[PDB]
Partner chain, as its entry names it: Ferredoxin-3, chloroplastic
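Shown below, as structure tokens, is a lone chain in the form solved without the partner chain; questions about how it binds or moves come after it.
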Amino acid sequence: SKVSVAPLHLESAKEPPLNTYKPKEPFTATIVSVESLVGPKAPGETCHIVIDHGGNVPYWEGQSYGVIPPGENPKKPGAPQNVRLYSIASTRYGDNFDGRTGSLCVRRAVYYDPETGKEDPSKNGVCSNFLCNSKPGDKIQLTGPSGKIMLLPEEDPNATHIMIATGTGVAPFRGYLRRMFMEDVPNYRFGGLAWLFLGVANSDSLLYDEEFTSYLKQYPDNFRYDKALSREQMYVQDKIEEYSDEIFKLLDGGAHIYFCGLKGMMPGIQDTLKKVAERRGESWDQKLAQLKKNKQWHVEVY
């Protein structure tokens, strides 16, 4: 049942690519598809964008692409816009299983007057709206890839990976999980435990839910999946708390734990972890220092 992927030479590099393309000479990639991931009751749109890089901008799971949106830099006359980074949401083979495309999971940044709700196109986020407004055949200026914080540690194919996402923070984990479960990668046969926790606003805001639910049926002994709906139920930290003893035992046994999404997710998580630890009679500060020393703690928030 795993999906054949090509070309297998993408497994041969011993280090991830970094800064293959730079802002002064980006790679001009082409949009394959853009689709909304969310339903009518979601508070805003999050879209899935598939980009054809032609095999010219390969990457490893957990890396980011840069995108240079069109127009002048408003702060620097006659200069290009600054790069915006996006976590790649695909495996290195991409959604067409061919090594030619990568995907992004992009939240539209829209401004609303806090009193009146009135819009202002000069205040929306440039790159996120550029991307979600894109159509097949459109060109995008791609840079990178960049980043190493979120590379998947593969030395132990039986490791445990606890993945904590809010919103678009799911992106690297979609790539991890396809590599672990979906794709036929003969040199990486995952036999550990992957546990995804996802916090979103409501059921219509869920991202890739059918995919993750399918892994529960395909790999019941290797995958777990828990959701938190803040407006319906509940934050992701409340779900960690529900499983606190299991999680703390996995951490003590060597599990990796990952956090990705908007940085506002982290204070509540740190508060919860401190309280859980205290109830167990442990110091969260001591435990976190040990997790960081042991290279178990991975955070990419923005």
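Positions refer to the first chain, counted from 1.
In what follows, reference is made to the form deposited with the partner chain bound, a form of this protein that is not presented.
146 is the sole member of 134, 124, 146, 203 with a non-hydrogen atom within 4.5 Å of the partner chain in the bound PDB entry. The partner chain in the bound PDB entry comes within 4.5 Å of no heavy atom belonging to residue 13. For residue 139, no non-hydrogen atom is located within 4.5 Å of the partner chain in the bound PDB entry, even though that partner is not displayed. Residue contact check for residue 85: one or more of its heavy atoms lie within 4.5 Å of the partner chain in the bound PDB entry. Although the partner is absent from this view, residue 76 contacts the partner chain in the bound PDB entry, with a non-hydrogen atom inside 4.5 angstroms. Partner contact region in the bound PDB entry: 77 to 85, out of 208 to 216, 174 to 182, 161 to 169, 77 to 85, criterion any non-hydrogen atom within 4.5 Å of the partner chain.
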